[PDB]
Number of protein chains: 4
Amino acid sequence: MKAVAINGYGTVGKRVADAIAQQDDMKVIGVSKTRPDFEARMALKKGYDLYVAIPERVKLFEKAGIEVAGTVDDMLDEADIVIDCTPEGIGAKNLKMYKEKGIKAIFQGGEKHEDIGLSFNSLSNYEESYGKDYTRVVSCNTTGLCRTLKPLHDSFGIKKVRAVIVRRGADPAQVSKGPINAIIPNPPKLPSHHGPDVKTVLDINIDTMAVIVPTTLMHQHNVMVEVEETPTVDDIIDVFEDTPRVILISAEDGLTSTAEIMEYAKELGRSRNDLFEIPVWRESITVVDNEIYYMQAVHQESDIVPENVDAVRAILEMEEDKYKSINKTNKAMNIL
Amino acid sequence: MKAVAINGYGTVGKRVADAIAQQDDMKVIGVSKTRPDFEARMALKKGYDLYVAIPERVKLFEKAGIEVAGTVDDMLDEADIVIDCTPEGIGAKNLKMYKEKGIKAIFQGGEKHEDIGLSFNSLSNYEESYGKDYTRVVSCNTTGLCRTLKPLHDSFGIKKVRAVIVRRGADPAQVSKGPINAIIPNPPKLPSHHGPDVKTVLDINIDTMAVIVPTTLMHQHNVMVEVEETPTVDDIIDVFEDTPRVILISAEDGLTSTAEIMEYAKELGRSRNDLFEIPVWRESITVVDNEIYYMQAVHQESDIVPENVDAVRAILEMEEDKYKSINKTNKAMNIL
Amino acid sequence: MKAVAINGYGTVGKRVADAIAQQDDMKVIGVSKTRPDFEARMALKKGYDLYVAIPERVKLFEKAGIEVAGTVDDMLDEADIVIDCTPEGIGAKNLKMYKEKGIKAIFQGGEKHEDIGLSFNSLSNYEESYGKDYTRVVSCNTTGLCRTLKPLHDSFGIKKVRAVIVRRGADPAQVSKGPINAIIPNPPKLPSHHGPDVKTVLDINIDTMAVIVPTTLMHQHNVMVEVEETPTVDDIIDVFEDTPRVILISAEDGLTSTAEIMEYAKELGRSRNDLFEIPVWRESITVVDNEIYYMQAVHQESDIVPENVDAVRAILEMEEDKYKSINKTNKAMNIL
Amino acid sequence: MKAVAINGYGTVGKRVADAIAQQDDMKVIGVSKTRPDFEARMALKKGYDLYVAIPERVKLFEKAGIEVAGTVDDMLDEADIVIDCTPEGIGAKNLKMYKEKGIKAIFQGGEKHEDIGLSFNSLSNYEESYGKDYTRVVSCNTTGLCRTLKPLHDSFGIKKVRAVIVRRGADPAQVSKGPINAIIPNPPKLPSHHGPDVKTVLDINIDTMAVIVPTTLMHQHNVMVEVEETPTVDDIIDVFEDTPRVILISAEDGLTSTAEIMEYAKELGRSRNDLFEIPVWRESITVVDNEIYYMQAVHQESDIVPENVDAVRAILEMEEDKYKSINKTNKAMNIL
Ligand SMILES: NC(=O)c1ccc[n+]([C@@H]2O[C@H](COP(=O)([O-])OP(=O)(O)OC[C@H]3O[C@@H](n4cnc5c(N)ncnc54)[C@H](OP(=O)(O)O)[C@@H]3O)[C@@H](O)[C@H]2O)c1
Ligand SMILES: NC(=O)c1ccc[n+]([C@@H]2O[C@H](COP(=O)([O-])OP(=O)(O)OC[C@H]3O[C@@H](n4cnc5c(N)ncnc54)[C@H](OP(=O)(O)O)[C@@H]3O)[C@@H](O)[C@H]2O)c1
Ligand SMILES: NC(=O)c1ccc[n+]([C@@H]2O[C@H](COP(=O)([O-])OP(=O)(O)OC[C@H]3O[C@@H](n4cnc5c(N)ncnc54)[C@H](OP(=O)(O)O)[C@@H]3O)[C@@H](O)[C@H]2O)c1
Ligand SMILES: NC(=O)c1ccc[n+]([C@@H]2O[C@H](COP(=O)([O-])OP(=O)(O)OC[C@H]3O[C@@H](n4cnc5c(N)ncnc54)[C@H](OP(=O)(O)O)[C@@H]3O)[C@@H](O)[C@H]2O)c1
């Protein structure tokens, strides 16, 4: 088994832990935490070995009755690779340590591309990470945009993408963040960061705008794409039905909003009721001459999870063909 | 096993369906819907036979490509008991039809006690439904209050309960309901109806007040109980730890809010990440004079689920010992 | 003064009544209500004669303690014009009575353009309502897009507009409407109604998309405009500074969201804390080749109010110059 | 006229500045800010002299185009009293400077009673601040509880108060604070701070519990009061109608929530559409034996405002009869 360490057992971290553990060629040998809370105790219940960020906080865990295996420094001595799921900006800080231990690592979307030097999205540029040392899985929204823009680019040739991102204010468990009742340009200076992030893995012309609204469940995307070859609605539907980690939903069938989508995710019975796939509203798919309009949604806590599994296989050279990794990841995770 | 029909496969009904199906002594022989949406299609994927409320709607399902097994009248012919999970007021109307077929039935808390004649809560009055025909499982909030007040009455003797209910405005999937940004007395004439409802199953002196606020996750209760024999905080903690379906949580461990409680439920991994249990904040348990103050929360979509399973064992005379049924329901549901 | 009647003293109608009354050449001779609640009582406190929608409701107001002047039929006999602010679809029903009485009327944006025959926006098509009988002031979002797209068209020649509307779910006082926690495509089939609606007053190529989010304060617009003449950011700023009822704001000065904008509107001290103007985030104004990007917001309860006052001048032939009416309206309303 | 300085032109401070300016015996000689934002610019629009907290930030305001009159030190030399409206804990730090200056001052409810020495509520203990040096106007919720508890105490004699406070998460313009979707015990260790805070101004036995919910508009209170003399619903209604700054509203009249109350406040037309008074739901007034139950709401941004004007008259010995200051304050502020 490749031995994977998870530095940061948080929102992404705990889900990546489980997805890695579900594969047949990897196992989790450690997850880390900085504070002794209910997630630290649930890691133990789930069978993981729990490690502590810095050595002087180990006494905290001891005092709360939480068994500790050691520190992150010890956790990395035993890994083949480490998946960094720490807060934005901490991953780059952890990189000095990773290089000093000579261990390879995968970072999440909140890190800057140029601190890591390489960005990953399984369908768009899996081969750019093959046999590399360090790679950044792009963000939840960036990932969601690539899921449908990549297959569009291959089939019809992207001329220009204009997208407006309606972002969730805070994940379900983050109770200290707003807004309670506001719409916030994010940021007001345009265009937003999503464009340039998409360009780190997919070479297309794209401008984005984003705002923040008082919802916690999912982000929502308003996408407009000018293409080179004239598509039809029927052609776009087949492309989305065929592409991996994308599903078509219907408002007519009752999925009129991100709340009803997450309700559907609860009926699917996967880990945490998560929706790793990007749902596209079928009724929204529209063609105006050589321009495609459509709406989609992103379950921000889990869409990047499968991308982390695929990234391990690229970085550790376990599989050279991205489709094989994608497919094996999906089978072990019960992806739709 | 005993063959159970579920009339009304909605928020409560789809959950009761799965809980019956987990039992070793019961099975679901059908669930019913009135419209062909995604939940109707998920019902077929869980292996349930789908029945349509009225004969003239069978063709709506046929044209949507959803295979139906018959009408509600047909479903009932196959069952030993029907669990009615139809909207408030419809249950009373279905009572007539159940009488005509003769089938025994369980109703939900939205129905009036006067129209059903009996109310039910597993720990406080299981024996009053034993071998009877029809019983009303009390509402989400009423069940939540009984879970902690019954054990308090048994150990210390309740003299008076004063409770203020902070209600969630609408379930997560219900997007057409408010409020978006208000606090609404519910109702403004006091005392509210949770008190009388608790008294249909638990013979105590209780006055309640309630409001609605902009959240969908859980209800939150502020309870103040005057007792006959004043206990210590440790005694109360012992009582709550020993009573079934009540858990103790701590804000010191990170469960500072209903959003973090539901995050905890997602790490538990039961069906739909539900929280069947009533969580009490350990640090809130306080004794002032001869009175106990505490705070708890209720996951309104599922705290009544297990109660419905126990009501089937009482109504059909499968188990005369309320503790043996509660224990068996709990093992099959993976309840804490 | 011209005698103006307000049929429907609701969200828009109470605001239109105060704006009409502030004018030096118009006065309110009555407002109507269907139910005797607190706003019926406040209408009397403001000096307005209060009329009842239907005559068989006069007794209802009288035993509620509310002194009524008569019915809507009596109201129209007192007026030179009626401004209809009834719920969507009722304005077209009232149109029949207006015609039978022989009275000119102005309608709101929720009516269908085809049931009215003429739409109005003060800056883009004032002259088309000059001396006519009936006209529809376009909706809050339609008005907001016209305020900035008209001047852009006049200066650079619009070739194509793409706009994403992020809509508030329900006005502050509307506590029974959601969504509490969701993003809802509105509708899922595109393009949405805003584009065609803009075209009833402004002859341009425009496609819009829209969603509803859990906010009450303001709608927010993401606007992308391809123009004929190459624009510069400083030139657009001058255009927007020069155009009536448009203001430039900055996130650097603390106006980072719709909530801080509305806070700024309470500092202005006009009627009900309203923001009649369309605020454009200064920093969002971007030029890419011949394409302009910018974000704006809309205080949906009141951006249409000043349009109604200019529509009366058009309809009753009080002023043929649209800039004289706009400036006269702005001065009486204390519009920036 | 007494020359008053406002230190901290924020949520409370901007409102206190206007209320002071409205009096015929006081004037505002200055308001202070720390950052040059839209509120600093609006202070100048309103005619106030703007002072900067720290001297090196003077240049910072000047460079932003904001004419400054000097530093806080300068401002305090021009005043007979300073009303501190700085963030919690900051009042205490500033008290040292006020003492060094020999200037009397009023603090807001965020400061600790022990750090200031004395607390104030106009009706409850106005005389305790008569001629003193420093006093603390108690918080929005403490003031709200005292407005109806004091009169009930005087008429019937309070034996015990049990209250559950439903708190708004963040003020309308605060967009960085949550929760978006949760209920948070505040705190989980009971009883809460309101009880002890009421006792700094009113000598009664009271226990409180508080929670935070996703609303911005008003707090809401659920109040249970055991009293010595047997009350009747009608005598309570007369007691609240007769008491200053308390109004009776009804759900039947359309005021069913905090959002509809605030809608009523917008029809009243005072400064910023505030609601300085405490609304009590008339239909919630209930008597059971010798216990009164009732619900009220608080507009947290302004209920403390008139209290601050009365504190100035107490502190500066401008009036010794608390009813004369209350009534004069009410008349100048257009209070019901
Ligand atoms: N939030 C999303 O939906 C999302 C989606 C995709 C990608 N991302 C990105 O993924 C990354 C992680 O985000 P997240 O939401 O999962 O954050 P999170 O929930 O706050 O999790 C961060 C985890 O890192 C741990 N941690 C903090 N400092 C650490 C340190 N110095 N060393 C080791 N562990 C440390 C924390 O432990 P303690 O809790 O005990 O302090 C926590 O378990 C960021 O780059 C973010 O932008 C986030
Ligand atoms: N919601 C809670 O949190 C909660 C908790 C505890 C107890 N309860 C109580 O449980 C009951 C059900 O509430 P709920 O939230 O589950 O309602 P719900 O989600 O609206 O579900 C009602 C279900 O009944 C079906 N239905 C409607 N009319 C029917 C009829 N004539 N015959 C058969 N099925 C019919 C509906 O089918 P279609 O959807 O296809 O139209 C739907 O599946 C009420 O008494 C409620 O007070 C609710
Ligand atoms: N809502 C907005 O923000 C908004 C913004 C811009 C434009 N508009 C458009 O303005 C129009 C009105 O919307 P609104 O939000 O102001 O509606 P609203 O608040 O519901 O007010 C409608 C008013 O009409 C009265 N009414 C109902 N039926 C009536 C009848 N048959 N005859 C006379 N009066 C009657 C109601 O009286 P009672 O209350 O006594 O029943 C109420 O006073 C719609 O076309 C809407 O699309 C709305
Ligand atoms: N928020 C409420 O609803 C409320 C209600 C009742 C009572 N209170 C109590 O009222 C007090 C103030 O709260 P708030 O909501 O008004 O706060 P706020 O909105 O944050 O305003 C505080 C003001 O103080 C200024 N300030 C900050 N540091 C300063 C310093 N060192 N010297 C002088 N001025 C300084 C800030 O200026 P800048 O903006 O330029 O930085 C701001 O103008 C607290 O005790 C609070 O607990 C609050």
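Along every chain, residue numbers run from 1 in sequence order, not necessarily as the entry numbers them; residues that have no coordinates are omitted. A letter from A marks each chain and a number from 1 marks each ligand, given out in the order of writing. Water and hydrogen atoms play no part in the side-chain values, which are based on all heavy atoms of the structure.

Looking at the entry header, you'll see X-ray crystallography listed as the method and 2.100 Å as the resolution.

**Q** Would you mind going over the overall build of chain A with me for this structure?
**A** Secondary structure elements follow DSSP: runs of H or I no shorter than four residues count as helices, runs of E no shorter than two count as strands, and numbering proceeds from the N terminus. Along chain A, the regular secondary structure elements total 13 helices and 16 strands. It is over C-alpha atoms that the radius of gyration is taken, and the globule rule equals 2.2 Å times the number of residues to the power 0.38. Rg of the C-alpha trace for chain A: 20 Å, near the compact-globule value of 20 Å for 336 residues, within the 12% margin. For every residue, the accessible area obtained with a 1.4 Å probe (protein chains only) is divided by the maximum for its type, and the residue is called buried under 20%, exposed over 50%, and partly exposed between those limits. Taken across its 336 residues, chain A has 66% of its residues classed as buried. The Shrake-Rupley method, run with a 1.4 Å probe sphere, supplies the accessible areas, and residue values consider only the shown protein chains as cover. For chain A, the computed accessible surface area is about 11700 Å², with 45% contributed by carbon and sulfur atoms.

**Q** Sorry, what's going on with the site of ligand 1 here?
**A** All names here are of chain A. Being near a molecule or strand, for a residue, means having at least one of its heavy atoms within 4 Å of it. Around ligand 1 lies a shell of 23 residues, among which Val 12, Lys 33, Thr 34, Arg 35 and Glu 88 are the nearest. Identification of polar contacts relies on pairs of N or O atoms within 3.5 Å, with a donor-acceptor requirement for protein atoms, meaning one able to donate a hydrogen and the other able to accept it, and with residues adjacent in sequence counted only if both atoms are side-chain atoms. One of the backbone N or O atoms of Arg 35 is found 2.8 Å from an oxygen atom in ligand 1. Within the backbone of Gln 300, one N or O atom sits 3.1 Å away from an oxygen atom of ligand 1. Computed on the free molecule, ligand 1 has an accessible area of 910 Å², of which 80% lies beneath the protein chains in the complex.

**Q** Hey, could you run me through the pairing of strand β16 (residues 291–298) of chain C in this one?
**A** Note on strand geometry: in a regular strand, side chains alternate between the two faces of the sheet. Residue and element names in this part refer to chain C. Taking burial as the measure, the 8 residues of β16 include 8 buried ones, the bulk of the element. Burial along β16 is two-sided: the face carrying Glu 291, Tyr 293, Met 295 and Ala 297 and the face carrying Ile 292, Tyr 294, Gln 296 and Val 298 are both buried. The pairing of strand β12 (residues 219–227) with β16 spans 8 bridges and is classified as antiparallel. Within the sheet, the bridge partner assigned to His 219 lies in β16 and is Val 298. Pairing between strand β15 (residues 286–288) and β16: 3 bridges, direction antiparallel. Across the sheet, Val 288 pairs through a bridge with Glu 291, a residue of β16. In this analysis, strands are considered paired if DSSP registers two or more bridges between them. Between the end of β15 and the start of β16, which pair antiparallel, lie 2 residues, with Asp 289 showing a positive phi angle near 60 degrees.

**Q** I'm lost on the pairing of strand β9 (residues 158–168) of chain A in this one. Help?
**A** All names here are of chain A. Among the 11 residues that make up β9, 10 are buried, leaving the element largely enclosed by the rest of the structure. Pairing of β9 with strand β12 (residues 219–227), which is carried by 8 bridges, proceeds in the antiparallel orientation. Of the residues in β12, the one forming a bridge with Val 164 is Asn 222. As defined by bridge partners, β9 adjoins strand β11 (residues 206–213) across 8 bridges and the pair is classed as parallel. The residue bridging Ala 163 from the neighbouring strand is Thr 208, located in β11.

**Q** Whenever I open this one, the relation of the copies chain A and chain D confuses me. Can you help?
**A** Turning one copy of the chain about an axis and sliding it along that axis gives the other copy, so a rotation and a shift relate them. Mapping chain A onto chain D calls for a screw motion: a turn of 180 degrees about the axis and a shift of 0.2 Å along it, with 0.2 Å RMSD after fitting. Taken together, the rotation and translation relating the two chain copies correspond to the operation of a two-fold axis. Note on definitions: a residue-residue contact is assigned when non-hydrogen atoms from the two residues lie within 4.5 Å. In this assembly the copies share their binding face: 100% of the residues contributing to the interface of chain A also contribute to that of chain D. Their C-alpha atoms serve as the basis on which the copies are superposed by least squares.

**Q** Can you help me understand the domain arrangement of chain A in this one?
**A** Accessible area lost upon the coming together of the parts is a frequently used measure of interface size. Residue and element names in this part refer to chain A. All domain edges in this entry derive from an automatic or database-based domain assignment. The domain architecture assigned to chain A consists of domain 1 (1–138 + 304–336) and domain 2 (139–303). Summarising the inter-unit geometry, the C-alpha centres of domain 1 and domain 2 are found 25 Å apart. Computed with a 1.4 Å rolling probe, the buried area is the accessible surface lost when two parts are put together, summed over both parts. Carbon and sulfur atoms supply 55% of the area that domain 1 and domain 2 bury against each other, a total of about 2300 Å² over both sides. We define a salt bridge as a side-chain nitrogen of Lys or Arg found within 4 Å of a carboxyl oxygen belonging to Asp or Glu. In this assembly, domain 1 and domain 2 are joined by 7 salt bridges. The salt bridge involving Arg 147 is made with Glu 307; its shortest N-O contact spans 2.9 Å. On inspection of domain 1 and its partner domain 2, the count reaches 17 residue pairs in polar contact. At the level of secondary structure, the elements contributing two or more residues to the side of domain 1 that touches domain 2 comprise α1 (11–22), β7 (119–120), α7 (122–129), β8 (134–137), α12 (305–315) and α13 (322–333).

**Q** What should I look at first to understand the sheet that holds strand β3 (residues 50–52) of chain C in this one?
**A** Backbone hydrogen bonds hold the strands of a sheet together, and the pairing may be parallel or antiparallel. All names here are of chain C. On the basis of which strands lie adjacent, the open sheet formed by 8 strands has the order β4-β3-β2-β1-β5-β6-β8-β7 and parallel pairing. Looking at the sheet topology across the chains shown, the edges are occupied by β4 (70–71) and β7 (119–120). As judged from the 2 bridges shared by β3 and β4, these two strands associate in the parallel manner. Residue pairing for β4: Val 52 is matched across the bridge by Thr 71.

**Q** Quick question: what am I supposed to make of the interface of chain D and chain B here?
**A** Taken residue by residue, the interface counts 44 residues in chain D and 45 residues in chain B. When chain D packs against chain B, close to 3400 Å² is buried across both sides, 68% of that on carbon and sulfur atoms. On inspection of chain D and its partner chain B, the count reaches 4 salt bridges. The partner of B:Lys160 in a salt bridge is D:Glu291, and the shortest N-O contact between them spans 3.5 Å. At the junction of chain D with chain B, the criterion picks out 14 residue pairs in polar contact. Going through the elements one at a time, β9 (158–168), β10 (184–185), β11 (206–213), β12 (219–227), α11 (258–268), β15 (286–288) and β16 (291–298) of chain D are the ones with two or more residues in the side of chain D that touches chain B. The element contributing the most residues to the side of chain D that touches chain B is β12(D), with 6 residues.

**Q** How should I be thinking about the interface of chain A and chain D in this particular structure?
**A** Taken residue by residue, the interface counts 14 residues in chain A and 14 residues in chain D. When chain A packs against chain D, the two sides together hide about 950 Å² of surface, and 68% of this comes from carbon and sulfur. When residues of chain A are sorted by the area they lose upon contact with chain D, A:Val175, A:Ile180 and A:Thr216 head the list and together hold 54% of the total. Seen at the junction of chain A and chain D, the total is 0 salt bridges. The interface formed by chain A and chain D contains 1 residue pair in polar contact. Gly is placed with the polar residues, together with every amino acid not listed as nonpolar (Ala, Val, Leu, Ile, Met, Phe, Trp, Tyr, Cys and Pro) or charged (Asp, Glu, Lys and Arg). Its residues assigned to classes, the side of chain A that touches chain D comprises 7 nonpolar, 6 polar and 1 charged.

**Q** Please explain the relation of the copies chain D and chain B as it appears in this structure.
**A** With an RMSD of 0.3 Å, chain D superimposes on chain B once it is rotated by 180 degrees and translated 0.1 Å along the axis. Comparing interface residues between copies, 100% of those in chain D also sit at the interface in chain B, which points to an isologous, same-surface contact.

**Q** So what exactly am I meant to see when it comes to the site of ligand 2 here?
**A** All names here are of chain B. Around ligand 2, the structure places 24 residues, and the nearest of them are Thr 11, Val 12, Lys 33, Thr 34 and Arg 35. Between ligand 2 and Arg 35 there is a distance of 2.9 Å, counted from an oxygen atom to a backbone nitrogen or oxygen. A total of 910 Å² of accessible area belongs to ligand 2 in isolation, and the protein chains cover 80% of it. Of all the elements in the fold, those that place two or more residues in the shell around ligand 2 are α1 (11–22) and β2 (26–33). Looking at the shell around ligand 2, its residues break down into 8 nonpolar, 10 polar and 6 charged. When we break the shell around ligand 2 down by domain, the ones giving at least three residues each are domain 1 (1–138 + 304–336) and domain 2 (139–303).

**Q** Can you walk me through the side chain of C:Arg136 in this structure?
**A** All names here are of chain C. Residue placement: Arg 136 occurs in strand β8 (residues 134–137). The exposure class assigned to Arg 136 is buried, which follows from its relative accessible area of 1%. A polar contact is formed between the side chain of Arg 136 and the side chain of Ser 119, at a distance of 2.8 Å. A distance of 3.2 Å separates a polar atom in the side chain of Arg 136 from a polar atom in the side chain of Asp 197. Ignoring anything within four residues of it in the chain, the contact list for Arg 136 reads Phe 107, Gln 108, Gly 109, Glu 111, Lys 112, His 113, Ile 116, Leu 118, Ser 119, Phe 120, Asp 197 and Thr 200.

**Q** What is the right way to read the sheet that holds strand β8 (residues 134–137) of chain B from this model?
**A** Residues and elements named next belong to chain B. Strand order in the open sheet formed by 8 strands is β4-β3-β2-β1-β5-β6-β8-β7, and the pairing between neighbours is parallel. Only two strands of the sheet have a single partner each, and these edge strands are β4 (70–71) and β7 (119–120). In this structure, strand β1 (residues 2–7) lies alongside strand β5 (residues 81–84), joined through 4 bridges in parallel fashion. When the bridges of β5 are listed, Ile 6 appears paired with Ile 83. Contacting β1, β2 and β5, α1 crosses the sheet at an angle of about 160 degrees to β2. Angles here are taken between N-to-C directions and fall from 0 to 180 degrees, while the axes themselves are lines fitted to C-alpha atoms, restricted in helices to the stretch in contact.

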